[PDB]
Amino acid sequence: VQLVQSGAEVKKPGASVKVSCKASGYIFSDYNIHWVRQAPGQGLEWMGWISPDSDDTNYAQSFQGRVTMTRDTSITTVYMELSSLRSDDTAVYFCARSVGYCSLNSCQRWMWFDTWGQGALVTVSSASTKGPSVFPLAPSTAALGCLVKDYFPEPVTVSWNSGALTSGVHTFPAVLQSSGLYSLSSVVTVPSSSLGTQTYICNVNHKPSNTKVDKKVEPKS
Amino acid sequence: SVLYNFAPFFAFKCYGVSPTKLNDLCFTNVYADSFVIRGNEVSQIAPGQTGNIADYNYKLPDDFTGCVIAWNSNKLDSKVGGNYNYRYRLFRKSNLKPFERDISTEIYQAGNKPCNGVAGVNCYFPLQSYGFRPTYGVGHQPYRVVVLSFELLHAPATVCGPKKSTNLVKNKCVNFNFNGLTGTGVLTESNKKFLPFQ
Amino acid sequence: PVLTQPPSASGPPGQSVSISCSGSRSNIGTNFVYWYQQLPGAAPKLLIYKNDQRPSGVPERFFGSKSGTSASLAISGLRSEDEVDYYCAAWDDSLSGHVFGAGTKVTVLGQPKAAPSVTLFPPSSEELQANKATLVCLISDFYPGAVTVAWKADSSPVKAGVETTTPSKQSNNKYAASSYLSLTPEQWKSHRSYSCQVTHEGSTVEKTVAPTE
């Protein structure tokens, strides 16, 4: 079935976002759609089902107004609105397909999630699609790396000598700041006698910001 | 007239007052219960007949003042996937008396260990979902079942049958019947003046 | 009525072991308990439904059963390709919503110790024109993680805006850590020697890099 997910952007708290899962590939009058959020550091959360032929829903004692569940039978697409995103609401919204109607309370004991399809990744921060202002780095076996700062959101890519050199590049976790910005510094292994004799340029690409920077790294003069 | 349509009836032969004589007699109160059962359990509900689905659920006794009317209809009754809304009681504490009901979401024990929060092998659930699927057989199909009950000789009667009406007539004496007033005489225009309560 | 699951699992390969998923009174047993798993970076699937029968498409290795409030997941033999993230799923009538366990991480009961390498990269001469200064030094060649990073100004330690994060598992079966320190040009040019230090079984490495380089 076509259980793909529509892309959504990172929005600061104070508004609402739209998370949509495609419901085509199956009949919309007999199959239920369930939504489960997976958050690290705790268990999974479950907020309500939908009945995709009429108005019927049931809520749990975790969220009452942040999660609004809608349906559309003419286009066969469900739209979910999440408001006031935070650390508690920062979770992977999984689109799950389950058989059964279950417009009552005693039917959910016999249900199980048959298929999970294309869980959307939702995030939230005051940091907008701002652009980076990265300056070249001065370095001091040896190691050479280039940093990226004041960029939001994830992810970014790194390239050495226009991607023609591979040295086992591994991504590094960042720390959330007070204003809100990520920090990545990919470091590759270089010989101690090869620092300025061989050229070493760094390429940082920001897909949400749609900007490209190519700044070389050299020691101070 | 809305009782002789809406899909052919699986069982329209009655066990009491005839369904064609509902117009001829006026009733006080009519009772109807709406539920869907499997096609193999239609034969269980009967005057003086019970099984596993009939004893542990609503039972129709020998004397009912009424009967059952069921029909086959699959528009929002059968699901190609699962159907967990329609459940049947198959492990009950005792016999279910007629005109009574019981609902329980708690597990039913079957031995000496009291199961009131813990389960296992000897303790099961009293409820089970129906196997309503179009890929199954004819006897596994869901059937819309309604039972009509009539209460007599306990109250004034207000559920009367539809008494038809005829056309006008003038200056030609017939055997008229005006709201139960049966008589013979001509029908002429009246110069008198009545009052609205007369 | 919250489901109780251990945060980590100690499963040794070569022999069977049982793990528990418990709830509370009128939480487990009144409703059926399911076993669910999810691949890292992929959509979840179902492992065991109703704790009665094994679904098709899954090898018959995990045994599902319920014993009162405690639900047990019995396994027979451990494989390297069966290290999926296990989870516990259950229904409770006191909440009208699914309650999930904390999640059990199965790790095979590895890598030899190596000398850590710390390299510090001071900002160039163009950051001081923009009135910004940050210090990044990388920590690698350590196993396992849970290391501590500190900043030393060679006169007194400073605890102000120190950014540290949990190290991530490398693709080459290793651990790498990155530390950051965003400061002001008043403080960046205050001292002529800045260093970052880490501990590794009681050993420390200090790399002195001048701001003027």
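Note that each Cβ is placed from the backbone with ideal geometry, even for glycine, and that neighbours are counted across all protein chains shown. What follows is calculated from the coordinates using simple rules that are stated; it is not laboratory data.
Please determine, by comparing only the residues of segment C:69-115 that are of a type in the set (A, V, I, L, M, F, W, C) and either touching a helix residue (DSSP H, G or I) at 6+ places or on another chain (Cβ under 9 Å) or in a loop (DSSP other than H, G, I, E, B) (or both), which one is nearest to B:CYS115 (Cα to Cα). If you could, list the steps in order and put the result at the bottom.
In the first step, residues of segment C:69-115 are kept if they are of a type in the set (A, V, I, L, M, F, W, C); the result is C:71, C:73-75, C:78, C:84, C:88-91, C:95, C:99-100, C:102, C:106, C:108-109, C:114-115.
Next, from what is left, pick out any that are either touching a helix residue (DSSP H, G or I) at 6+ places or on another chain (Cβ under 9 Å) or in a loop (DSSP other than H, G, I, E, B) (or both): C:78, C:84, C:95, C:102, C:109, C:114-115.
Working: C:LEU78: 35, C:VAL84: 34, C:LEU95: 21, C:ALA102: 27, C:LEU109: 39, C:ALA114: 57, C:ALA115: 59 Å.
Filtering segment C:69-115 for residues that are of a type in the set (A, V, I, L, M, F, W, C) and either touching a helix residue (DSSP H, G or I) at 6+ places or on another chain (Cβ under 9 Å) or in a loop (DSSP other than H, G, I, E, B) (or both), the one nearest to B:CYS115 (Cα to Cα) comes out as C:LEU95.
Taking into account only those residues within segment B:46-102 that are closer than 30 Å to A:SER98 by Cβ and among the hydrophobic types (A, V, I, L, M, F, W, C), which is surrounded by the fewest Cβ atoms within 10 Å (Cβ to Cβ)? Break it down into steps so the answer makes sense when it comes.
Going through segment B:46-102, the residues closer than 30 Å to A:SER98 by Cβ turn out to be B:52-53, B:56-57, B:72-92, B:101-102.
This time we only want the ones that are among the hydrophobic types (A, V, I, L, M, F, W, C), so: B:53, B:76, B:80, B:90-91.
On the way: B:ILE53: 19, B:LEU76: 11, B:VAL80: 15, B:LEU90: 15, B:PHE91: 16.
Checking each candidate, the answer is B:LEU76.
Rundown of residues vs (1) within 14 Å of chain B (Cβ to nearest Cβ); (2) surrounded by fewer than 19 Cβ atoms within 10 Å (Cβ to Cβ), yes/no style:
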position	(1), (2)
C:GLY14	no, yes
C:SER18	no, yes
C:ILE28	yes, no
C:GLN37	no, yes
C:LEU47	no, no
C:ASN51	yes, yes
C:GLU60	no, yes
C:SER67	yes, yes
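Among the residues of segment A:67-91, which ones are more than 16 Å from the chain's Cα centre (by Cα) and closer than 13 Å to A:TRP35 by Cβ?
Step one: filter segment A:67-91 for residues more than 16 Å from the chain's Cα centre (by Cα), giving A:67-81, A:83-84.
Once the filter is applied, which keeps residues that are more than 16 Å from the chain's Cα centre (by Cα) and closer than 13 Å to A:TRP35 by Cβ, segment A:67-91 yields A:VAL67, A:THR68, A:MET69, A:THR70, A:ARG71, A:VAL78, A:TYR79, A:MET80, A:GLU81.
How about segment C:1-33: which of its residues are touching a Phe, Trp or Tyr at 6+ places or on another chain (Cβ under 8 Å), among the aliphatic types (A, V, I, L, M) and outside any strand (DSSP E or B)?
C:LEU3
Does segment B:94-112 hold any residues that are of a type outside the set (S, T, N, Q) and touching a strand residue (DSSP E or B) at 6+ places or on another chain (Cβ under 7 Å), and which are they? Spell out the reasoning first.
Narrowing segment B:94-112 to residues of a type outside the set (S, T, N, Q): B:96-103, B:106-108, B:110-111.
Residues satisfying the conditions are B:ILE107, B:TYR108, B:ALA110.
It is to be established whether one or more residues within segment A:31-47 are more than 21 Å from A:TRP112 (Cβ to Cβ) and in a strand (DSSP E or B). Break it down stepwise before answering.
Taking segment A:31-47 as the starting set, the residues that turn out to be more than 21 Å from A:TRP112 (Cβ to Cβ) are A:39-42.
After this cut, where a residue has to be in a strand (DSSP E or B) as well, the list is none.
There is no residue in segment A:31-47 that is more than 21 Å from A:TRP112 (Cβ to Cβ) and in a strand (DSSP E or B).
Which is more than 13 Å from chain C (Cβ to nearest Cβ) and surrounded by 12 or more Cβ atoms within 10 Å (Cβ to Cβ), of A:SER51, A:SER62, A:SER74?
Working: A:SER62 fails: more than 13 Å from chain C (Cβ to nearest Cβ); A:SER74 fails: surrounded by 12 or more Cβ atoms within 10 Å (Cβ to Cβ).
Within the list A:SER51, A:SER62, A:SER74, the selection yields A:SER51.
Would you pick out the residues in segment B:163-195 that are surrounded by 10 or more Cβ atoms within 10 Å (Cβ to Cβ) and within 25 Å of B:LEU22 (Cα to Cα)?
If the condition is that a residue be surrounded by 10 or more Cβ atoms within 10 Å (Cβ to Cβ) and within 25 Å of B:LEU22 (Cα to Cα), then B:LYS163, B:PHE176, B:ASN177 are the ones that fit.
Which pairs have Cβ atoms under 7 Å, sit 6 or more apart or on different chains, and link a residue in segment C:161-182 that is more than 7 Å from chain A (Cβ to nearest Cβ) to one that is assigned to a loop (DSSP other than H, G, I, E, B) and basic (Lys, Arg)?
As it stands, the answer is none, since no pair meets every condition given.
Out of the residues in segment A:127-168 that are within 10 Å of another protein chain (Cβ to nearest Cβ) and surrounded by fewer than 17 Cβ atoms within 10 Å (Cβ to Cβ), which is nearest to A:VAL204 (Cα to Cα)?
Selected residue: A:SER133.
Can you tell me which residue within segment B:132-142, out of those that are assigned to a loop (DSSP other than H, G, I, E, B) and under 25 Å from B:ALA32 (Cα atoms), is nearest to the other protein chains (Cβ to nearest Cβ)?
Among those residues, the one meeting the criterion is B:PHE132.
Of the residues that make up segment A:92-103, is at least one surrounded by fewer than 17 Cβ atoms within 10 Å (Cβ to Cβ), under 17 Å from the mean Cα position of the chain (by Cα) and within 12 Å of chain C (Cβ to nearest Cβ)?
Looking for residues that are surrounded by fewer than 17 Cβ atoms within 10 Å (Cβ to Cβ), under 17 Å from the mean Cα position of the chain (by Cα) and within 12 Å of chain C (Cβ to nearest Cβ), one finds none in segment A:92-103, hence no.
Count, please, the residues in segment B:87-127 that happen to be part of a loop (DSSP other than H, G, I, E, B), within 14 Å of chain C (Cβ to nearest Cβ) and not basic (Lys, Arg). Steps first, answer last, please.
Taking segment B:87-127 and keeping what is part of a loop (DSSP other than H, G, I, E, B), we get B:90-107, B:110-122, B:125-126.
Imposing the further condition that a residue be within 14 Å of chain C (Cβ to nearest Cβ) reduces the set to B:103-107, B:113-122, B:125-126.
Of the ones still in play, those that are also not basic (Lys, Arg) are B:103-107, B:114-122, B:125-126.
Looking only at that region, the number is 16.
Tell me which residues, restricted to segment B:12-51, are within 20 Å of B:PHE99 (Cβ to Cβ) and out of contact with any strand residue (DSSP E or B) (no Cβ under 9 Å at 6 or more places or on another chain).
Answer for segment B:12-51, where residues must be within 20 Å of B:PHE99 (Cβ to Cβ) and out of contact with any strand residue (DSSP E or B) (no Cβ under 9 Å at 6 or more places or on another chain): B:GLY48, B:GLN49, B:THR50, B:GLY51.
Taking into account only those residues within segment C:121-136 that are closer than 29 Å to C:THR166 by Cβ, crowded, with 19+ Cβ neighbours inside 10 Å and at the interface with chain A (Cβ under 9 Å from one of its Cβ atoms), which is farthest from the chain's Cα centre (by Cα)?
C:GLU127
Every residue, every condition in (1) under 19 Å from the mean Cα position of the chain (by Cα); (2) under 29 Å from B:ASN5 (Cα atoms); (3) not acidic (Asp, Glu), yes or no:
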site	(1), (2), (3)
B:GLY82	no, no, yes
B:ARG89	no, no, yes
B:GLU106	no, no, no
B:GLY111	no, no, yes
B:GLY117	no, no, yes
B:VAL121	no, no, yes
B:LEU152	yes, yes, yes
B:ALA157	no, yes, yes
B:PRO162	no, yes, yes
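Of all residues in segment C:137-150 being part of a strand (DSSP E or B) and within 14 Å of chain A (Cβ to nearest Cβ), which is surrounded by the fewest Cβ atoms within 10 Å (Cβ to Cβ)? I'd like the intermediate steps shown before the answer.
Quick first cut of segment C:137-150, residues part of a strand (DSSP E or B) only: C:137-142, C:149-150.
In the following step, the residues that additionally are within 14 Å of chain A (Cβ to nearest Cβ) were identified as C:137-142, C:149.
Details: C:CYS137: 27, C:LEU138: 20, C:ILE139: 22, C:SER140: 21, C:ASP141: 14, C:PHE142: 22, C:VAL149: 20.
Filtering first and then ranking leaves C:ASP141.
Looking only at residues that are assigned to a loop (DSSP other than H, G, I, E, B) and of a type in the set (D, E, K, R) in segment A:109-159, which one is farthest from A:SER179 (Cα to Cα)? Please lay out each step first, then the result.
Within segment A:109-159, the first condition is being assigned to a loop (DSSP other than H, G, I, E, B), and the residues that meet it are A:109-114, A:117-119, A:122-136, A:138-141, A:152-155.
Filter once more, keeping what is of a type in the set (D, E, K, R): A:109, A:114, A:130, A:154.
On the way: A:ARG109: 45, A:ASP114: 42, A:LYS130: 12, A:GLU154: 15 Å.
In this case the residue turns out to be A:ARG109.
Can you tell me which residue among A:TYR79, A:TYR93 is out of contact with any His (no Cβ under 7 Å at 6 or more places or on another chain), assigned to a strand (DSSP E or B) and farther than 30 Å from C:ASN51 by Cβ? Write out each step before concluding.
On the way: A:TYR93 fails: farther than 30 Å from C:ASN51 by Cβ.
Criteria check complete, one pass: A:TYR79.
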